[PDB]
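Trainee: Just passing along the structure, written as structure tokens.
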Amino acid sequence: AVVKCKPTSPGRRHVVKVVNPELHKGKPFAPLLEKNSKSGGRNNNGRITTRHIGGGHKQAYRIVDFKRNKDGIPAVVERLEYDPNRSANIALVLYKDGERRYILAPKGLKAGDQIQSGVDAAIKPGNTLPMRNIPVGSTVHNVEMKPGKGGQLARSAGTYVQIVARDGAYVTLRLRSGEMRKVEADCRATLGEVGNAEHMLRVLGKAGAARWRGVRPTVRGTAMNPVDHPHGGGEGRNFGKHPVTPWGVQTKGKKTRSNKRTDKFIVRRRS
RNA sequence: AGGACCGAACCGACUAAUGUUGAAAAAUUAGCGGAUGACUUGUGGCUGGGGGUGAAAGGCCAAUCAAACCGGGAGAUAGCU
RNA sequence: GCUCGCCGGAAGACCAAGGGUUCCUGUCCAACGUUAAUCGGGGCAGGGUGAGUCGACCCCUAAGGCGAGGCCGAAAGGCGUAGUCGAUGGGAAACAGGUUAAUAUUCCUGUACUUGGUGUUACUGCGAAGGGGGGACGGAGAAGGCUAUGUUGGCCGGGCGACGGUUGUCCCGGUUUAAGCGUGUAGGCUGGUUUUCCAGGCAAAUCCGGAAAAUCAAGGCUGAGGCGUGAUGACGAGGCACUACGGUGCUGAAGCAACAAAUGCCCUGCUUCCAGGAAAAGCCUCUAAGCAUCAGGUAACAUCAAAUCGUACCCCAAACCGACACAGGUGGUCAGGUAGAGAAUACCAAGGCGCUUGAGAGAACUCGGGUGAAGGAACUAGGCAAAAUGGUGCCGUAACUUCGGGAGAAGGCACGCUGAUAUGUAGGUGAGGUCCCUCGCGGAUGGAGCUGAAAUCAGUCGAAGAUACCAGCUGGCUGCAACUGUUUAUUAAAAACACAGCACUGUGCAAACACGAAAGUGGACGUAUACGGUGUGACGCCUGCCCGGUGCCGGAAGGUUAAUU
RNA sequence: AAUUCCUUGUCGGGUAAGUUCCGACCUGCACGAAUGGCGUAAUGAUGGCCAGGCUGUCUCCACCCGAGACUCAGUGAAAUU
RNA sequence: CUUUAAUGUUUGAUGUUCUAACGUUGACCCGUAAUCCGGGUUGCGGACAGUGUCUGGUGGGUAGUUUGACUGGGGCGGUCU
């Protein structure tokens, strides 16, 4: 659910919460956890490659099955769980064979729902089948880009891919960005939309929240003594030059796709 | 419940006076701000010089920073004292 | 040595880091000590540090480091797999008393405990570089039950007062005792037991997990403290023999109860929230490869080993970092009494210092402070500074407002002491006794005793009763920024910087981007409700016209147009 | 007006008197709507202004308590030249 | 020798298809109790991508420098034969 707190304190006026009592009020399944230490935006060389990364509440990783390769074995859900590594929720499933796994939560899934992966699976939210068997004009998530590696597309809170056409060994899709892409007609795609749609409605209401997520403050650059930034400074707020990133790139229209390796799977890039 | 409140420890450093070859190569006394947090601290580790880092001041990087220190090219050049 | 003074949440006590003999004793006084110096953290000599249980080493691992191979790189060399290192973390074991001039839970006494090795006896399925369980973990809040500690009484011992009174409801001192062993309570978690079956736990599996039936509801685990033992002891205020008043032998009475009570223990818990909260090993189990009248494993006893290094002293300081015996800085633990909300603050105990130049005089003037005639900001850039305000409870509290606030608005009233209501009340605690029992650390009754507010009435003293330290000045208009916060260490705390939110734009994953000649890493073990960049800067009303120029995003006919030919 | 040169713009408010301050006027030398515009409760060791209260801030200083200064003994610098 | 079509060969361009180089930060197997690497099998792309040399454009992102003299101070103006 969604709820807007009371302005009993400054910084609580506009903060909005996404409360969902369906989540698990306890610890997750340890066998599916591992070590994940914060990075700080630095690399093997120690330099900060990406900025605005630092601190944040401690986090444990959830071993999520982005492949769903346990075909022909129904699995029932047990509980929904919070995952900080991603914006979407996850549900602790239980296969008939006694094995447990983590997956993404579809739009209207609940505890006790049955799911089956493979080609002989039913067409209902949560099941996984190759796209060669999915009806055209349907909705899917956790889509794969290559057979056998695991879903990569539509893994966000309320994101979904909509299958729109099929001609041969490939199937065309409309991604949440509006792009029109075509991928092999053998990749696995789960039905339904990832259910956390109300996540985009969450309001932090104060700066400290962005620190819990690990977002360090972002200084503009308009006043950045010119040695640091092309925007530089000047007596007052002059800013009389084009918008440019550091290292000299526009940032306000310059398209920077230099792949030229696919040239086949793009149809309607966007806009 | 709170980046809530009064207020010590604790972290700060707004003003004043003293001190200005000082007790101190930036402190002291009287008051002051914050004080469950974007807090603070210990131990160890990573980022190295046109580079690092920076809630950004051209600030910090061993009392030294509009480009650290050491040694070297080097007895640089110096139509200037 | 007798006094006075100072800290006493330290200016006391115990350590890490660091220092490295500054430790104790004797001797010495050139130099060092901001003076003298018989003294000294000074000089010379000598002595001093005792561990199976504390710590390190060691076992395991984190961020991270090196890195056989190997990938990459003009050379140097760089990253990194398997692995190996790396604490600030996890991992078996000792408490009290006594003792040295200087060392201790290290030595002595007493009482214990732990992990291994070997051997003996009996019963036996034992086994890993594997599997699983466990270890294993967040913040906040809430009480409840306890202890350390403290208070009073009782008891024991002594005392009868330099000056009125002091054989009493008087004064002083003491009333301490551990780990360990057994008891397994308050209370927390959890439904157990027996068998059959199974796509999973990389192979196997009696253990994990899963599934279907049967059967009893009490089963087990965790767990402070209390109680008993440990302890016919030890310690013990004081006495008694040696007694150089330097000290040693023996002896040594009472050693209970009640109340209060922690920020610590039960609690790695309970409750709740979103920011969703380390790893590996040891340990407990599972079997595989393999070995079985073996080896191995288990229970009991006997016995052996538990090495090596460190331990002195200072450690908020005169011994570390600051050139000084420098008003500085420096992490962790212990946390007494009265008043108090309190680790504030004031006076004190234990304990430790009086700050390594003193004396006299009592001028200007400076520094740090007290007070003030009448006036009360006229001083001044400016109420700078100083003064004043200051607490508890009740009454009361405006425009505005995002309806939370503003607000402790402003303002007003009473605060002491004695007695009584009540020989000390409400209330808390709770004994004996009585009764019950699944007979225990039980339950209920019971209300002793202890403890202890607040309120009113009356009376009383004083100039003044929140008498001291301690402890908000308030109100009105308005600019800027929303606010909390943040920055020029060492002249700039601000209207700048950040900020939640909004917007444009890029990015379809071998993502853009960034670091790197490269491999490759971060971004991210993320996937457009996402990441990066730019601008603006809560929120509310809004964000208007112009694409000529620059740049960007696009297109097509033609013209120009490189190497190459 | 944190922007207004002429300028102490005019009027009014408050003051015995107000180049600052508040409220309107608009003749914008030279505001302007995300290098954001107009407002904005609340916050503020923020900038400016007006009151109450209290004050040695002043009229105008006076006395007292201490530490130096001054005298005596001991150790014994400095910048400058 | 003045001329014009299917063909043989020549090469040149557009397009379709394929695989044998190449790629694979796709799956699986082995070295091997190893998310590296290598090899192997298979699958998807496929002469594209990518790299190298030459080359046009872009390029304050990063460097090395220049930015005159006279002058009733300099600058501005003005002048320089």
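Simple scheme: letters A, B, ... for chains in structure tokens order, numbers from 1 for residues in each chain, numbers from 1 for ligands in the order shown.
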Write down, as a ChimeraX atom specification, each residue of chain A that has any atom within 7 Å of an atom of chain C, counting only C-alpha atoms (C1' of nucleotides).

Mentor: /A:6-8,10,41-45,47,49-50,57-59,82,84,96-99,152-158,176-177,197,199-200,204-207,212-213,217,243,245,251-256

Trainee: Got time to write the residues from that selection, N, CA and C atoms, as a CSV table (one decimal), in the first residue's frame?

Mentor:
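This went into result.csv:
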```csv
chain,number,residue,atom,x,y,z
A,6,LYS,N,2.7,12.2,8.4
A,6,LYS,CA,2.3,13.5,8.9
A,6,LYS,C,3.5,14.4,9.0
A,7,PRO,N,3.2,15.7,8.9
A,7,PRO,CA,4.3,16.7,9.0
A,7,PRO,C,4.7,17.1,10.4
A,8,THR,N,4.7,16.1,11.3
A,8,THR,CA,5.1,16.4,12.7
A,8,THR,C,6.5,16.8,12.8
A,10,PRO,N,10.2,18.4,10.4
A,10,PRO,CA,10.7,18.8,9.1
A,10,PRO,C,11.4,17.6,8.4
A,41,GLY,N,32.0,2.8,-5.6
A,41,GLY,CA,32.3,3.3,-6.9
A,41,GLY,C,33.7,3.2,-7.4
A,42,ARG,N,34.5,2.4,-6.7
A,42,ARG,CA,35.9,2.2,-7.0
A,42,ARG,C,36.1,0.9,-7.7
A,43,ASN,N,37.3,0.7,-8.3
A,43,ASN,CA,37.6,-0.4,-9.1
A,43,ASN,C,38.9,-1.0,-8.6
A,44,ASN,N,39.4,-2.0,-9.4
A,44,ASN,CA,40.7,-2.7,-9.1
A,44,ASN,C,41.8,-1.6,-8.9
A,45,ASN,N,41.8,-0.6,-9.7
A,45,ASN,CA,42.8,0.5,-9.7
A,45,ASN,C,42.5,1.4,-8.5
A,47,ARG,N,40.5,3.9,-8.3
A,47,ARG,CA,39.9,5.1,-8.7
A,47,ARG,C,38.4,5.1,-8.8
A,49,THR,N,35.4,5.3,-10.6
A,49,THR,CA,34.9,5.3,-12.0
A,49,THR,C,33.5,5.9,-12.1
A,50,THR,N,32.6,5.6,-11.1
A,50,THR,CA,31.3,6.1,-11.0
A,50,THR,C,31.2,6.9,-9.7
A,57,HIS,N,23.0,1.4,4.2
A,57,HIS,CA,22.8,0.3,5.1
A,57,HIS,C,23.4,-1.0,4.6
A,58,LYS,N,23.8,-1.8,5.5
A,58,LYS,CA,24.4,-3.1,5.1
A,58,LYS,C,23.3,-3.9,4.4
A,59,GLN,N,23.8,-4.7,3.4
A,59,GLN,CA,23.0,-5.4,2.5
A,59,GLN,C,23.5,-6.9,2.3
A,82,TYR,N,11.4,-8.9,1.2
A,82,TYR,CA,12.0,-7.7,0.7
A,82,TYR,C,13.4,-7.9,0.2
A,84,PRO,N,16.8,-5.6,-0.9
A,84,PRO,CA,17.4,-4.3,-1.1
A,84,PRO,C,18.2,-4.2,-2.4
A,96,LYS,N,8.2,-29.3,-5.6
A,96,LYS,CA,7.8,-30.6,-5.1
A,96,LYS,C,8.9,-31.5,-4.6
A,97,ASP,N,10.1,-31.3,-5.2
A,97,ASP,CA,11.3,-32.1,-4.9
A,97,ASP,C,12.0,-31.6,-3.6
A,98,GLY,N,11.4,-30.7,-2.9
A,98,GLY,CA,12.0,-30.2,-1.7
A,98,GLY,C,13.0,-29.1,-1.8
A,99,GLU,N,13.4,-28.7,-3.0
A,99,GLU,CA,14.3,-27.6,-3.2
A,99,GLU,C,13.6,-26.3,-3.1
A,152,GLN,N,17.3,-10.9,-18.4
A,152,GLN,CA,18.0,-9.7,-18.3
A,152,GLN,C,17.1,-8.5,-18.4
A,153,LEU,N,16.0,-8.6,-19.1
A,153,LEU,CA,15.1,-7.5,-19.4
A,153,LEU,C,13.9,-7.6,-18.5
A,154,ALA,N,13.4,-6.4,-18.2
A,154,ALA,CA,12.2,-6.2,-17.3
A,154,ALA,C,12.3,-6.9,-16.0
A,155,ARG,N,13.3,-6.4,-15.2
A,155,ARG,CA,13.5,-6.9,-13.9
A,155,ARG,C,13.3,-5.8,-12.8
A,156,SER,N,12.7,-4.7,-13.2
A,156,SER,CA,12.4,-3.6,-12.3
A,156,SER,C,11.1,-3.8,-11.5
A,157,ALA,N,10.7,-2.8,-10.8
A,157,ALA,CA,9.5,-3.0,-9.9
A,157,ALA,C,8.3,-3.4,-10.7
A,158,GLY,N,7.8,-2.5,-11.5
A,158,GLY,CA,6.6,-2.7,-12.3
A,158,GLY,C,6.8,-2.7,-13.8
A,176,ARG,N,10.0,-1.6,-22.2
A,176,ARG,CA,9.4,-0.6,-21.4
A,176,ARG,C,9.9,0.8,-21.8
A,177,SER,N,11.0,0.9,-22.5
A,177,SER,CA,11.5,2.1,-23.1
A,177,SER,C,10.9,2.6,-24.4
A,197,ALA,N,4.5,-2.2,-8.4
A,197,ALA,CA,4.2,-1.0,-9.2
A,197,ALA,C,4.2,0.3,-8.4
A,199,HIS,N,6.1,1.3,-6.4
A,199,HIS,CA,7.4,1.8,-5.9
A,199,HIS,C,7.8,3.2,-6.4
A,200,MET,N,7.3,3.5,-7.7
A,200,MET,CA,7.6,4.8,-8.2
A,200,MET,C,6.9,5.9,-7.5
A,204,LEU,N,11.0,10.2,-0.6
A,204,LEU,CA,12.0,10.2,0.4
A,204,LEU,C,11.7,11.3,1.5
A,205,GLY,N,11.5,12.5,1.0
A,205,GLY,CA,11.1,13.6,1.9
A,205,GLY,C,12.3,14.2,2.6
A,206,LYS,N,13.5,13.7,2.5
A,206,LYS,CA,14.7,14.3,3.2
A,206,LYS,C,15.9,13.7,2.5
A,207,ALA,N,17.0,14.4,2.8
A,207,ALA,CA,18.3,14.0,2.1
A,207,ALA,C,18.9,12.7,2.7
A,212,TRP,N,20.9,6.4,2.9
A,212,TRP,CA,20.6,5.0,3.2
A,212,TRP,C,20.7,4.1,2.0
A,213,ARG,N,20.2,4.6,0.8
A,213,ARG,CA,20.4,3.9,-0.4
A,213,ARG,C,21.8,3.8,-0.9
A,217,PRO,N,26.0,12.9,-2.1
A,217,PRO,CA,25.5,14.1,-2.7
A,217,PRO,C,26.2,14.4,-4.1
A,243,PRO,N,26.0,23.1,-22.3
A,243,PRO,CA,26.0,22.1,-21.4
A,243,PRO,C,27.0,21.0,-21.8
A,245,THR,N,29.5,17.6,-20.1
A,245,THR,CA,29.9,16.7,-19.0
A,245,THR,C,31.4,17.1,-18.7
A,251,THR,N,25.9,16.1,-23.2
A,251,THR,CA,24.9,15.7,-22.2
A,251,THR,C,23.5,16.2,-22.4
A,252,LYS,N,23.3,16.9,-23.5
A,252,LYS,CA,21.9,17.4,-23.8
A,252,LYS,C,21.6,17.2,-25.3
A,253,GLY,N,21.8,15.9,-25.7
A,253,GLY,CA,21.3,15.5,-27.0
A,253,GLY,C,22.3,14.6,-27.8
A,254,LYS,N,23.5,14.6,-27.4
A,254,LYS,CA,24.5,13.9,-28.1
A,254,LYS,C,24.3,12.4,-27.9
A,255,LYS,N,23.9,11.7,-29.0
A,255,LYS,CA,23.7,10.2,-28.9
A,255,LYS,C,25.1,9.6,-29.0
A,256,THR,N,25.3,8.6,-28.1
A,256,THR,CA,26.6,8.0,-27.8
A,256,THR,C,26.6,6.5,-27.9
```

Trainee: May I have the residues of chain E within 7 Å of chain A, counting only C-alpha atoms (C1' of nucleotides), written as an NGL selection string?

Mentor: :E and (26-27 or 49 or 61)

Trainee: Once you have the residues from the selection above, write them out as a PDB file, in the first residue's frame, restricted to N, CA and C atoms (P, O5', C5', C4', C3', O3' and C1' of nucleotides).

Mentor:
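Output saved as selection-v2.pdb:
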```pdb
ATOM      1  P     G E  26      28.315 -13.751 -24.004  1.00  0.00           P
ATOM      2  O5'   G E  26      27.068 -14.689 -23.690  1.00  0.00           O
ATOM      3  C5'   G E  26      27.225 -15.870 -22.919  1.00  0.00           C
ATOM      4  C4'   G E  26      26.089 -16.835 -23.146  1.00  0.00           C
ATOM      5  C3'   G E  26      26.244 -18.211 -22.520  1.00  0.00           C
ATOM      6  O3'   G E  26      25.907 -18.237 -21.144  1.00  0.00           O
ATOM      7  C1'   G E  26      25.553 -18.446 -24.762  1.00  0.00           C
ATOM      8  P     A E  27      26.607 -19.297 -20.161  1.00  0.00           P
ATOM      9  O5'   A E  27      26.029 -20.702 -20.637  1.00  0.00           O
ATOM     10  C5'   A E  27      24.652 -21.011 -20.480  1.00  0.00           C
ATOM     11  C4'   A E  27      24.332 -22.397 -20.978  1.00  0.00           C
ATOM     12  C3'   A E  27      25.230 -23.511 -20.466  1.00  0.00           C
ATOM     13  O3'   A E  27      24.883 -23.950 -19.164  1.00  0.00           O
ATOM     14  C1'   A E  27      24.967 -23.728 -22.800  1.00  0.00           C
ATOM     15  P     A E  49      31.835  -3.847 -40.214  1.00  0.00           P
ATOM     16  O5'   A E  49      31.952  -4.374 -38.716  1.00  0.00           O
ATOM     17  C5'   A E  49      30.887  -4.193 -37.795  1.00  0.00           C
ATOM     18  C4'   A E  49      31.096  -4.994 -36.537  1.00  0.00           C
ATOM     19  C3'   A E  49      32.329  -4.640 -35.722  1.00  0.00           C
ATOM     20  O3'   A E  49      32.122  -3.525 -34.873  1.00  0.00           O
ATOM     21  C1'   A E  49      32.219  -6.982 -36.002  1.00  0.00           C
ATOM     22  P     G E  61      37.635  21.965 -22.531  1.00  0.00           P
ATOM     23  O5'   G E  61      37.919  20.423 -22.801  1.00  0.00           O
ATOM     24  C5'   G E  61      37.452  19.426 -21.905  1.00  0.00           C
ATOM     25  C4'   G E  61      38.399  18.258 -21.846  1.00  0.00           C
ATOM     26  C3'   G E  61      39.865  18.608 -21.646  1.00  0.00           C
ATOM     27  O3'   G E  61      40.190  18.860 -20.291  1.00  0.00           O
ATOM     28  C1'   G E  61      39.664  17.051 -23.409  1.00  0.00           C
TER      29        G E  61
END
```

Trainee: Provide as JSON, numbers by chain the residues of chain B at most 7 Å from chain A, counting only C-alpha atoms (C1' of nucleotides).

Mentor: {"B": [2, 3, 4, 38, 46, 47, 55, 56, 58]}

Trainee: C1' of residue 68 in chain C to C1' of residue 39 in chain E: how many Å, to one decimal?

Mentor: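 Taking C1' of residue 68 in chain C as the start and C1' of residue 39 in chain E as the end point, the length is 20.2 Å.
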
Trainee: Hey, could you make a per-residue contact list for chain D against chain A with 10 Å as the cut-off, showing the nearest pair of atoms and its distance in Å to one decimal, counting only C-alpha atoms (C1' of nucleotides), sorted by chain and number, as CSV?

Mentor:
```
residue,atom,partner,partner_atom,distance
D:35,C1',A:239,CA,6.1
D:42,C1',A:10,CA,8.5
D:43,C1',A:10,CA,9.0
```

Trainee: Skipping near chain neighbours, those fewer than 2 positions away, what residues fall within 10 Å of residue 38 in chain D using only C-alpha atoms (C1' of nucleotides), listed as a list in words?

Mentor: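 So the residues in contact are residues 541 and 542 of chain C; 33 of chain D.
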
Trainee: List as a PDB file with C-alpha atoms (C1' of nucleotides), in the first residue's frame the protein and nucleic acid residues near residue 43 in chain B, meaning an atom at most 12 Å away when only C-alpha atoms (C1' of nucleotides) are counted, but skip any in the same chain fewer than 3 places from it.

Mentor:
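The resulting part-v2.pdb:
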```
ATOM      1  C1'   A C  16      45.719  -0.975  24.749  1.00  0.00           C
ATOM      2  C1'   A C  17      48.667   2.079  21.292  1.00  0.00           C
ATOM      3  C1'   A C  87      42.289  -8.330  12.913  1.00  0.00           C
ATOM      4  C1'   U C  88      40.073  -3.971  14.517  1.00  0.00           C
ATOM      5  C1'   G C  89      36.170 -10.041  14.427  1.00  0.00           C
ATOM      6  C1'   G C 331      41.096   5.170  22.599  1.00  0.00           C
TER       7        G C 331
END
```

Trainee: Hey, what does DSSP flag as strand (DSSP E) within range 20-198 of chain A? Can you give it to me as JSON, numbers by chain?

Mentor: {"A": [33, 34, 61, 62, 75, 76, 77, 78, 79, 80, 81, 90, 91, 92, 93, 94, 95, 100, 101, 102, 103, 104, 114, 115, 128, 129, 130, 139, 140, 141, 161, 162, 163, 164, 165, 166, 170, 171, 172, 173, 174, 180, 181, 182, 183, 184, 188, 189, 190, 191]}

Trainee: When you draw a straight line from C1' of residue 39 in chain C to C1' of residue 315 in chain C, how long is it in Å?

Mentor: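 Between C1' of residue 39 in chain C and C1' of residue 315 in chain C the gap is 25.4 Å.
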